[PDB]
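Okay, structure first, notes after.
In what follows, chains carry the letters A, B, and so on, assigned in the order in which the sequence lines appear, proteins first and then strands, with residues in each chain numbered from 1. Just follow the structure's listing: the first ligand is 1, and inside any ligand the first atom is 1.
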Amino acid sequence: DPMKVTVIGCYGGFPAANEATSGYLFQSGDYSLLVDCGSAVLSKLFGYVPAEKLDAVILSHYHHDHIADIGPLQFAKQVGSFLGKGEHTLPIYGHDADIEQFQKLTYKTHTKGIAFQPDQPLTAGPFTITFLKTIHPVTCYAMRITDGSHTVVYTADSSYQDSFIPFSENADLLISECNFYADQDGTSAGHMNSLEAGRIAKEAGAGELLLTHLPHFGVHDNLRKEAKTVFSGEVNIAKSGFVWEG
Amino acid sequence: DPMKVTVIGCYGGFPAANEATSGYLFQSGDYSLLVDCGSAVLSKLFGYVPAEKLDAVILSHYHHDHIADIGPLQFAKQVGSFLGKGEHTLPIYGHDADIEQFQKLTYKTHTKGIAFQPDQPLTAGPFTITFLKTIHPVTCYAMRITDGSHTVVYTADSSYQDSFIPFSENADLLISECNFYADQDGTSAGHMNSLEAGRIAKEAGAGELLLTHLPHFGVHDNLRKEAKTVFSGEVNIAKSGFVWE
Ligand SMILES: [Zn+2]
Ligand SMILES: [Zn+2]
Ligand SMILES: [Zn+2]
Ligand SMILES: [Zn+2]
């Protein structure tokens with residue numbers, strides 16, 4: 001069983017015309033895990049896997065562009081249930097330090113909020129997930145996701161920190177946010193530029209780098225060239241439908 | 001300047017694959033009004049009009065499938081500000097009887113919540129909008145929207161009530177939720193079926209009928225056919241991209 005990541009949405013903040021914000025489909029065997037659930041994510045996701053075949057959701061943080069589709073997903077589960085597309089409760093994992101956001105993850109018997117613990121690995125079917133707190137204006141967690149043979153790291157949202165490097169060590173794929181260009185500083189917004197994403201990939205010895213949480217200006221391909229001045233492996237710009245597999 | 005309605009999203013509850021939930025673009029001359037702002041609505045919207053050219057938003061009620069994209073919208077306004085695209089604050093109209101939901105409409109200087117009053121007509125640019133409380137499990141309002149020449153009525157979400165008829169009287173286009181088929185009762189969930197949508201069009205003497213808030217089962221074309229056994233004017237199933245003018 002190979003591990004397969006499909007980018008569902010990849011824009012920062014809000015979606016470009018016909019595109020989506022943060023959502024990533026992680027699949028192994030029959031298991032389907034959705035990582036983040038932003039704007040237009042469900043619409044796109046259902047082109048790949050129907051609501052009832054989704055096994056779990058995990059959320060890095062509670063910014064609109066990572067959670068806007070949660071309530072629609074809750075409605076999908078409720079209707080699925082009244083349609084007899086199987087009555088199974090959908091677990092949604094998040095941090096519980098923000099009480100009100102976490103409470104909203106639970107909807108009748110249809111979805112169920114489950115607190116992940118930052119200092120302890122989570123098992124979600126065939127996946128193990130470990131966490132790193134990021135530098136972002138709200139509590140937020142990057143994720144090291146493995147199936148035992150391959151490892152994919154998702155930075156979620158963050159400004160640069162050296163701790164990404166031991167955390168991303170030997171990842172087959174690093175999905176790094178890259179909201180800014182080489183000549184810009186994303187510190188005040190809690191974001192990274194392409195040189196920073198390139199630095200993490202190189203220093204961790206990542207096999208491959210995918211740049212995501214994309215900006216709404218500039219030439220995105222410039223983000224690729226800029227990262228490539230630092231990191232020598234494969235680099236790509238995320239888009240809806242982009243697939244990685246190992 | 002013709003009045004133009006473009007369906008942005010039209011599924012009930014949650015989007016079908018590559019589609020969207022309640023959203024409708026209302027245009028008149030230079031002005032663009034977004035009626036409801038559900039799931040994948042922004043993504044589709046920006047295909048017709050960019051965030052800075054949006055003049056106002058109005059929300060029928062606070063169910064996920066009508067408001068999910070509000071937060072992303074507020075972020076689009078914010079980033080627009082930083083890019084020099086629009087310093088202009090986007091008004092979002094809604095009822096304020098649900099206090100916490102209403103408070104979420106205002107975001108810094110980027111969007112501004114403005115309370116519409118059910119019993120008083122609202123003037124939004126070239127449009128005048130009047131309201132009818134509907135029968136739904138949360139507070140919700142249908143909308144008669146006119147530019148002085150043409151009138152479009154939007155039922156929003158509701159089970160059947162007679163008051164829709166005088167409310168929809170002589171509408172040029174009636175946009176009616178139609179979450180159920182002829183042989184089903186939508187009362188318990190606050191929704192209507194195809195015969196009820198048809199009944200309103202017929203008795204209000206609506207010029208044309210558009211069925212929306214669509215279900216995720218059955219053959220949608222049957223909604224059209226069933227409605228056509230009561231109403232004799234034109235009847236269509238909503239889809240993203242459908243244009244009435
Ligand atoms: Zn984000
Ligand atoms: Zn964020
Ligand atoms: Zn509703
Ligand atoms: Zn609805």
Side-chain angles (χ1 to χ4, degrees), chain A residues 9-15 20-24 35-39 41 59-69 71-72 74-76 78-79 134-142 154-159 175-180 186 189-192 212-216 238, chain B residues 9-15 20-24 35-39 41 59-68 71-72 74-76 78-79 95 98 101 133-142 154-159 175-180 186 188-192 212-216 238:
Chain A
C10 60
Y11 274 86
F14 63 100
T21 69
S22 295
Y24 308 93
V35 175
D36 283 352
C37 195
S39 185
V41 170
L59 300 174
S60 67
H61 70 298
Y62 301 109
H63 266 160
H64 300 311
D65 53 321
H66 303 252
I67 72 170
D69 268 351
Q74 288 165 334
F75 280 176
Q78 177 180 30
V79 168
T134 75
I135 306 165
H136 197 57
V138 301
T139 301
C140 181
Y141 295 98
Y154 169 50
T155 61
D157 284 19
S158 188
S159 87
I175 309 188
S176 180
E177 76 130 85
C178 188
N179 216 312
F180 288 97
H191 287 310
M192 278 183 288
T212 198
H213 211 273
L214 305 176
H216 301 265
Chain B
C10 61
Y11 278 83
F14 66 101
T21 72
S22 295
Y24 307 91
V35 175
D36 284 349
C37 191
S39 177
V41 172
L59 302 169
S60 65
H61 62 303
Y62 302 104
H63 265 168
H64 300 313
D65 61 312
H66 302 257
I67 70 161
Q74 297 177 323
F75 280 176
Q78 179 176 18
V79 173
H95 70 90
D98 177 348
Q101 297 288 347
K133 192 171 181 168
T134 68
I135 309 172
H136 204 53
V138 298
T139 293
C140 179
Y141 297 94
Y154 171 49
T155 64
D157 289 15
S158 184
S159 59
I175 304 176
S176 173
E177 80 127 81
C178 188
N179 213 312
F180 294 96
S188 96
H191 291 299
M192 280 186 293
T212 197
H213 213 272
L214 305 171
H216 305 258

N179(A) and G12(A) have their tightest heavy-atom pair at ND2-CA, 4.1 Å
From the Zn ion (ligand 3) out to just under 2.8 Å, does an N/O/S atom of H61(B) turn up? yes
Proximal heteroatom of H63(B) relative to the Zn ion (ligand 3) (N/O/S): ND1
Could you check whether the rings of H66(B) and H61(B) sit parallel, tilted or perpendicular, using 30° and 60° as the cut-offs? tilted
Report whether any nitrogen, oxygen or sulfur of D65(B) sits less than 2.8 Å from the Zn ion (ligand 4) (N, O or S, backbone or side chain). yes
Restricting to N, O or S atoms of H213(A), which is nearest to the Zn ion (ligand 1)? NE2
Could you tell me which N, O or S atom of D157(B) is nearest to the Zn ion (ligand 4)? OD2
Could you check which N/O/S atom of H66(B) is closest to the Zn ion (ligand 4)? NE2
Strictly under 6.0 Å, is that where the ring centroids of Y62(B) and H95(B) end up? yes
In short, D65(A) meets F14(A) closest at the heavy-atom pair CB-N, 4.5 Å
Scanning both residues in full, the closest heavy-atom pair of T134(A) with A142(A) reads CG2-N, 3.6 Å
Would you check if the Zn ion (ligand 3) lies under 2.8 Å from any N, O or S atom of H136(B)? yes
Under 30°, 30 to 60°, or over 60°: which ring-plane class applies to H136(A) and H63(A), parallel, tilted or perpendicular? perpendicular
